[PDB]
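One letter stands for each residue in the lines below.
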Amino acid sequence: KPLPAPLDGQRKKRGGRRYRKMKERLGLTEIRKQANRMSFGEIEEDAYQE
Amino acid sequence: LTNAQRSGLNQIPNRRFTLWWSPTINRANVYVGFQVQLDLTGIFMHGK
Amino acid sequence: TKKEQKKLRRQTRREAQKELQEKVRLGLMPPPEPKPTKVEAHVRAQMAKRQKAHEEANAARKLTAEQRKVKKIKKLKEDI
Amino acid sequence: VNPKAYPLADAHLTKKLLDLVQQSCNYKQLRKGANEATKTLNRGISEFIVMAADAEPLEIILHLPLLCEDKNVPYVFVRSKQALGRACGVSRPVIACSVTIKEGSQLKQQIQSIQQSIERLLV
Amino acid sequence: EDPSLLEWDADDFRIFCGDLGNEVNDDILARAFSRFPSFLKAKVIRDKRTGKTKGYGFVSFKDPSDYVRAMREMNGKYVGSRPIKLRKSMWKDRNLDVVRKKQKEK
Amino acid sequence: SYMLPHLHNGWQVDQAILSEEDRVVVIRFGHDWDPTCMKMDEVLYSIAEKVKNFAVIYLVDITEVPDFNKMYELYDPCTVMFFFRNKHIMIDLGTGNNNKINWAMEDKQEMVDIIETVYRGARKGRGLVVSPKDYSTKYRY
Amino acid sequence: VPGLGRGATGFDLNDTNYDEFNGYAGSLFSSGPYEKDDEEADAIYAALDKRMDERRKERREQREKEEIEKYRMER
RNA sequence: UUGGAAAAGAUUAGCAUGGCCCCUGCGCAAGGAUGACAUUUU
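Residues numbered from 1 in each chain as written, not as in the entry; some residues may be left out. Chains lettered and ligands numbered in written order. Part of a larger assembly, values for the part shown. Heavy atoms only, no water. Residues with missing side-chain atoms left out of burial classes, pairs and counts.

Caption draft 1: Just unusual backbone geometry, in detail. Of note, the amide linkage connecting D:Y6 to D:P7 takes the cis form, showing an omega dihedral of 5°. Take D:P7: it is sitting in the segment before α1 (11–26). With an omega of -5°, the peptide bond running from D:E56 to D:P57 counts as cis. Here D:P57 lies in the loop between β2 (46–52) and α3 (59–70). One non-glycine residue with positive phi stands out, namely E:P37, at about 35°. (Helix = DSSP H or I, 4+ residues; strand = E, 2+ residues; numbered from the N terminus.)

Right, here's the structure in full:
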């Protein structure tokens, strides 16, 4: 089967209900704080462990 | 998302890196001038 | 088969929702009814309207007084 | 049809037969399949067996008349397996169905009338 | 209250097309919708003192049966140089938002 | 000897560009016996039915169709130009000119992403899109 | 109709035709005046070039025949 | 009140219709058990 034509979404224009479950599957309520951050000044780990 | 969109989404941190180190990368000592002023903006961009 | 009953019902209902939204799209009527004492007093009058419309759709199509009689007759009177 | 398919239900009788088989599918009195009809004939819980004359080869259900003579059960052949299969609530062709006895179920009068009618067909 | 809304109405239905190319479409839109539903009136909003097109346009159709097929077929259809986007006309004038404000408090 | 279709005069090329309303007309301007055009046509053939939902690929001989030589500046062995709805889609590849490809890329995924970029930026309306890679350096290490 | 009938505008000189010595392939002439005396003249000049290549013609053409034969024999 | 000079429309989110199931009511189809002492209306 060929690649689908790369159209974007029309879009999600309605919200809540099904759509919160649609994101609760995979893009759910994350930490949204101190897991997506790097903390500019400090080094919290040992320096080049990565 | 498409392979090209995944490529661009992974080049986003290169954008924030380049914008971060812009005052020392976009100077005239670093790239000898072919000083192109940015359009409708007073920024000169030494080097493409 | 029961899967075909589900498919036939769901496609008849899909064209029913499609033609009701079609009649909204033409603009004949505003859309139907979507569903501290004042707000649920409004929605109490509207759910009274909703239960009343259910009793209206049961009030017509009711086998009034003698359609029961003719259907009991065509049940009991065979084709001798 | 097949001459060994005997007795063969005519159109009015097979309409009543398929409606009774449909009602027995609804009332869970129906066992579809030649092996399940063979089982409910062996267990003696079968009211009557319908079969399909357009089963190729026919002999994969022609043991069922003999079982219906060793169990005293009425048997009758419907014209085609596709109509019988749809009358069992499945889209696949079913060649042999067993309408079975249940505890005082409401189809017993219809089943008795169809039993008296399809024991008139073998004549 | 602009004195120009009264040229389409005969209790007929208006489709709203927007995202249209401002370099053209003055009568291109009429040309495209013309096959559907016999001579009709279709305007394009080109604002004055400039001669520039503001985007959107209003095509008034005779039937809401005609409207559904027209809308479904010409949604995103290449017209002049931008794909048209289609919605239903607002016409939120005085005599309906007075009714809307009266329906707010009820 | 390709399974890709060929256009043999200026009318076939201009009507092949005007034929498509929702797909990128990918046109290779070059000669089939050229090694650069042979590798580029191998890349275009290996993706021709991948990108068929949003592109079409045409080969054009420069000797057979020489009228686009001056306007499109077809002076390199292969050029690959991209059109969408009669508009010539330029691409900032990093090569210095944006109008054509003008070399044979060996990665078929890079050609898929270039066509996909041209499609995304052309349905959005840009006449110039930016390639999702910089082809100024050959990235050999 | 030309390539302008597309509604197009620009934004054999191909590099396959180019060569760093000899310039572009293809001759500038071959049109414009070829006649009686032009044909007799290039008969004379082609005899002169053939005569100049008659110096080593046996050994050169023998070497070229042997080299293309063994080049087709090997690869 | 009067005179006058001057993104090719995005993203995030809530409700409802939609799906499903149970039950109730109505209908459609088939049932089940039972109770009752041609002359005159032009």
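Read on for the rest.
Caption draft 2: Expanded view of the interface of chain F and chain G. Each partner contributes to the interface: chain F provides 22 residues, whereas chain G provides 14 residues. When the buried area of chain F at its contact with chain G is split by residue, F:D14, F:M71 and F:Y75 rank highest and sum to 33% of it. Along the contact surface separating chain F from chain G lie zero salt bridges. Counting across the interface, chain F meets chain G through four residue pairs in polar contact. Mapped onto the side of chain F that touches chain G, the elements with two or more residues apiece are α1 (10–17), α3 (68–71) and β4 (79–84) of chain F. Considering only residue class, the side of chain F that touches chain G consists of 12 nonpolar, four polar and six charged. (Contact = heavy atoms within 4.5 Å. Buried area = accessible area lost by both parts, 1.4 Å probe. Salt bridge = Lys/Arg side-chain N within 4 Å of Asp/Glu carboxyl O. Polar contact = N/O pair within 3.5 Å; in protein donor to acceptor, adjacent residues only side chain to side chain. Nonpolar A, V, L, I, M, F, W, Y, C, P; charged D, E, K, R; others polar.)

Caption draft 3: Up close: helix α2 (residues 39–59) of chain C. For α2(C), spanning 21 residues, the distance from its first C-alpha to its last is 29 Å, which sits close to the expected 30 Å at 1.5 Å a residue. Taken from the residues just after α2(C), C:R61 is the one with a positive phi, measuring 55°. (Expected span 1.5 Å × (residues − 1).)

Caption draft 4: Quick peek at the protein's contact with RNA strand H. Of all residues adjacent to RNA strand H, which total 36 residues, the nearest are A:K13, A:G16, A:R17, C:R13 and C:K71. A share of 68% is what sugar and phosphate atoms reach among the atoms of RNA strand H within 4 Å of the protein. One of the side-chain N or O atoms of D:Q109 is found 3.0 Å from a phosphate oxygen in RNA strand H. In this structure, a sugar or linking oxygen belonging to RNA strand H sits 2.8 Å away from a side-chain N or O atom of E:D19. (Near = heavy atom within 4 Å.)

Caption draft 5: Here's a closer look at the sheet that holds strand β3 (residues 53–61) of chain E. Residues and elements named next belong to chain E. With antiparallel pairing, four strands are arranged side by side in an open sheet as β2-β3-β1-β6. Every other strand in the sheet has two partners, leaving β2 (42–46) and β6 (85–88) as the edge strands with one partner each. Mean inter-strand twist for the sheet, computed between neighbouring axes without regard to direction, equals 25°. Of the pairings in the sheet, the one linking strand β1 (residues 13–18) to β3 comprises five bridges and is antiparallel in character. (Pairing = 2+ DSSP bridges. Axes fitted to C-alpha atoms, helices over the stretch in contact; angles between N-to-C directions.)

Caption draft 6: Structural context of the packing of aromatic side chains. Taken as a whole and assessed by the stated rule, the structure comprises 17 aromatic pairs over all chains. On the basis of an interplanar angle of 45° and a centroid distance of 4.6 Å, the ring pair of G:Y18 and G:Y24 is categorised as tilted. For G:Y18, a relative accessible area of 39% corresponds to the partly exposed category. For G:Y24, a relative accessible area of 37% puts it in the partly exposed group. The rings of E:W8, E:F16, E:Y56 and E:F58 are connected pair by pair, giving a single aromatic cluster. Between A:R18 and the ring centre of A:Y19, over which it is positioned, the NZ or CZ distance is 5.5 Å. The ring of E:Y78 has F:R85 lying over it, and the distance from NZ or CZ to the ring centre is 3.2 Å. (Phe/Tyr/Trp six-rings, centres within 6.5 Å; stacked < 30°, edge-to-face > 60°. Buried < 20%, exposed > 50% of the residue type's maximum accessible area, 1.4 Å probe, protein only. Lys NZ or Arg CZ within 6 Å of the ring centre and 35° of its normal.)

Caption draft 7: Layout of the sheet that holds strand β1 (residues 30–32) of chain D. Residue and element names in this part refer to chain D. In space, the four strands of this open sheet follow the order β1-β4-β2-β3, with mixed pairing throughout. Each end of this open sheet is capped by a strand with a single partner; those strands are β1 and β3 (75–78). Across the sheet, the mean angle separating the axes of adjacent strands is 20° when strand polarity is ignored. As paired strands, β2 and strand β4 (residues 96–100) are joined by five bridges and run antiparallel to one another. Counted as the bridge partner of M51 is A96 from β4. Contacting β2, β3 and β4, helix α5 (residues 108–118) runs over the sheet at an angle of about 55° to β2.

Caption draft 8: Spatial organisation of the nonpolar core. Residues and elements named next belong to chain D. Residues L17, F48, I49, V50, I61, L64 and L84 are the most contacted members of the largest nonpolar core, which totals 42 residues. Of the residues forming this core, the biggest block, six residues, is contributed by α1. Discounting chain neighbours no more than four positions away, the residues touching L84 are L18, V21, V50, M51, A52, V78, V94, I95, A96 and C97. (Core = buried A, V, L, I, M, F, W, Y, C linked by side-chain atoms within 4.5 Å.)

Caption draft 9: Looking closely at a nonpolar patch on the surface. Together, A:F40, B:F17, B:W20 and B:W21 make up an exposed nonpolar region whose accessible area comes to about 560 Å². Position of B:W20 among the secondary structure elements: in helix α1 (residues 3–20). Looking at B:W20, the relative accessible area reads 51%, which means it is exposed. (Patch = residues over 30% accessible without salt bridge, like charges linked within 9 Å, V, L, I, M, F, W, Y side chains within 5 Å. Areas by Shrake-Rupley, 256 points an atom, 1.4 Å probe, with all protein chains shown as cover.)

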